[PDB]
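Residue numbers (the deposited numbering): 1 to 102. Built from N, CA and C at the ideal position, the CB exists for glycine as well.
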């Protein structure tokens with residue numbers, strides 16, 4: 001049985017909160033308990049990567065500071081949708097859906 005892990009999830013973003021933090025859905029969060037990481041990397045299909053600071057605080061998790069570099073540099077707003085492909089570690093692969101324009 002060779003399967004490291006690949007869970008994929010999509011999230012609609014609210015720019016109002018995505019301005020400073022990436023909110024991970026509680027039900028999906030409950031699915032993966034892990035020790036608190038210092039930094040997590042977000043990989044982009046075009047070749048860029050953003051190192052974000054992510055914390056699991058109690059029951060919940062937020063990718064806070066650093067995520068703003070992603071939102072601002074890649075430019076996403078309410079209406080954009082992201083696909084997160086996870087392995088089994090702190091590797092997050094993100095695909096960005098603009099809308100019609102980025």
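Below 8 Å on the Cβ atoms is my guess for residue i versus residue j; work out the distance and round it to an integer in Å.
i, j, result
"residue 43", "residue 54", "Rounded, the Cβ-Cβ distance is 14 Å, inconsistent with contact."
"residue 86", "residue 7", "5 Å"
"residue 9", "residue 28", "6 Å"
"residue 92", "residue 40", "6 Å"
May I ask you to list the residues that DSSP assigns as paired with residue i?
i, result
"residue 77", "Paired residue(s): none; residue 77 is not in a bridge."
"residue 93", "43, 85"
Should residue i go down as buried or exposed, given a rule of 16 or more other Cβ atoms within 10 Å for buried?
i, result
"residue 72", "exposed"
"residue 60", "exposed"
"residue 17", "exposed"
"residue 36", "exposed"
"residue 24", "buried"
Are residue i and residue j closer than 9 Å when you measure CB to CB?
i, j, result
"residue 15", "residue 67", "no"
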